[PDB]
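In the form deposited in one PDB entry, a lone chain appears below as structure tokens.
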């Protein structure tokens, strides 16, 4: 269902109450940082912005709206592989965040207080 060599990048930001903006960066847990990226589906070929919005929600949980679409650019893979990237600005501070499957939460907790909260409520999941 994905186009193998066509990707979308979402530069995700939000406006704060004091009128300023902040930009979301990501990395795979475990280079520096990156924006949101994903393959464009075949049924998204005609509007890659739809892919940028879908990927933003998949990765972050926020629903977004394309504010600007940049010109496509090409990058190598296999150096013969040519990937076409469609970049977009997508509008949706102190802490770093991470989404985790429930079976992996306990291994991330090191504080007694957090472990106690999880011990009382984990059977919801």
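Think of the rigid core as the biggest set of C-alphas that the two forms share within 1.5 Å after superposition. Residue numbers count along the first chain shown, from 1. Residues that one form lacks are left out of the comparison.
In the deposited sequence, the stretch from residue 77 to residue 78 hides 1 to 3 residues that have no coordinates. As recorded in the PDB entry, 14-22 is the stretch of 101-109 and 14-22 with the greater mean C-alpha temperature factor.
For the pair 1-9 and 116-124, the record assigns the higher mean C-alpha temperature factor to 1-9. Residue set 34, 53, 89, 46: peak C-alpha B-factor at 46 (per PDB entry). Sort the chain's modelled residues by C-alpha temperature factor and residue 93 lands in the highest third, per the entry.
In this PDB entry, residue 28 carries a Cα temperature factor that places it within the highest third of its chain's modelled residues.
A second form of this protein, the form deposited in another entry, is not displayed here; the remarks below concern that form.
Once both forms are fitted on their core, a CA shift of 2 Å or more is seen for residue 98 between this form and the one not shown. After superposition on the rigid core, displacement of the C-alpha of residue 117 between this form and the one not shown amounts to 2 Å or more. After superposing the rigid core, the C-alpha of residue 107 moves by 2 Å or more between this form and the one not shown. Between residue 11 and residue 99, the C-alpha separation shrinks by 3 Å or more in the other form, relative to the conformation displayed.
Compared with the form shown here, the C-alpha atoms of residue 14 and residue 100 sit at least 3 Å closer together in the other form. Once the rigid core is aligned, the segments that move between this form and the one not shown, defined as three or more consecutive common residues whose C-alpha shifts all reach 2 Å, run 17-19, 93-125.
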